[PDB]
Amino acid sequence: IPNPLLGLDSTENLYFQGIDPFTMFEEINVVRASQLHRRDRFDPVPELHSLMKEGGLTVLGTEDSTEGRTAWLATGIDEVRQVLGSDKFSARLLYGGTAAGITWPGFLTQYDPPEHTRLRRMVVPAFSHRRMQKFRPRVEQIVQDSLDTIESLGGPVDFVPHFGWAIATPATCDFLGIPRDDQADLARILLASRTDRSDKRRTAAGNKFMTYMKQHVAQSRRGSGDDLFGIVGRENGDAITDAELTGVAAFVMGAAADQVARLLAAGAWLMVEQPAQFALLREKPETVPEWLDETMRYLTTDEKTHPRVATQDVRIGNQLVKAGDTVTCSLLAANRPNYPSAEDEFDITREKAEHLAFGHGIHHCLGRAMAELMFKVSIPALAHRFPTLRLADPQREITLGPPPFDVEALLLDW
């Protein structure tokens, strides 16, 4: 029971007779983790910078009950790696007990070994470095088309739709063999499922997409395409279900496509904030072999991992994480440990900049090679195309939305 006589926070004060206390505990902690992972331009916010100084593992929240659950945040790189690499944490148990089945088939984030291992192993070959090599020429074409469209319009141009989304939509669609004629309507439907203010209309749109995708999966899984479905379906036959394939594909075009768009927008913004450094990339790329890793480290566009649930008591760094506790890992804190300082600042010329922008352990980003391909093609292509790229209005702050790193609009001229 919150006490609204004492405090002002709306989220913490929400109460009505018959409210679920556990739900409120979970939701408040999610809100806290989210607030901590907003950004101050490219930087951690002061609240996270402060929290980081406290130690490598801190309490986000601790339930009203005697012997109730604690939600933890891991910020130290050692603690983050330890939690994410441990077999004593579950991802599945975040969504229900041992009894509860899979809620969203193909949502790998939600599986534990052994079934996480089998499903990921089945879908892995479609996401390989070799497979991305084969995909590069198509990505290069997508990027040039987008730059052509930008140039043809004239500045100012909003790089969120015209760069991030203009690349992410066709790239993710092409990867799944989605016919060119279907892609614009699908992107529109996905927009509605991500943003519509009516939850009812949001669900209708989501269902419309999943219906299309289920049909596409059934059509493609036994055919001869180089799309995800042909590859995985030909290789695995009936061992992978239509629902599992639908789930994987939907993540690629849904959530993951949003991530790529957000990364590309954040990248374009960094280029106009650090033009001398990216001039080095376009004119002498050989002198900056590790530019990609440094950029990923600095940007950390996926600030935090999904909470993991302790399956038994476990020592993390110095603390005791009790069975049933959750730990959320701050990839942002792990990647920016020395913020602020000269050494933390973006430096394109740095030695092999090591980072956890794509996570760690068994759940590490399946699409890392794809995301990297996207970025390694798009950013240099943009730099060469528009060397004079700048903010249309240097006086105006860039508006950032809720995490993950969410550039709402990026008006650039050249």
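Numbers follow the displayed sequence, beginning with 1.
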property	result
325-333 versus 83-91 - which carries the larger mean C-alpha B factor in the record	83-91
Residue stretch of maximal mean CA temperature factor, 234-242 vs 133-141	133-141
Top Cα B factor in the deposited entry, candidates 256, 320, 166, 265	320
Identity of residue with top Cα B-factor, from 201, 297, 214, 120	201
Residue 6, C-alpha B-factor rank within chain (lowest, middle or highest third)	middle
Position of residue 285 among the chain's modelled residues by C-alpha B-factor, lowest, middle or highest third	highest
Residue 279, C-alpha B-factor rank within chain (lowest, middle or highest third)	highest
Chain third (lowest, middle, highest) by recorded CA B-factor, residue given as residue 301	lowest
Residue 226, C-alpha B-factor rank within chain (lowest, middle or highest third)	highest
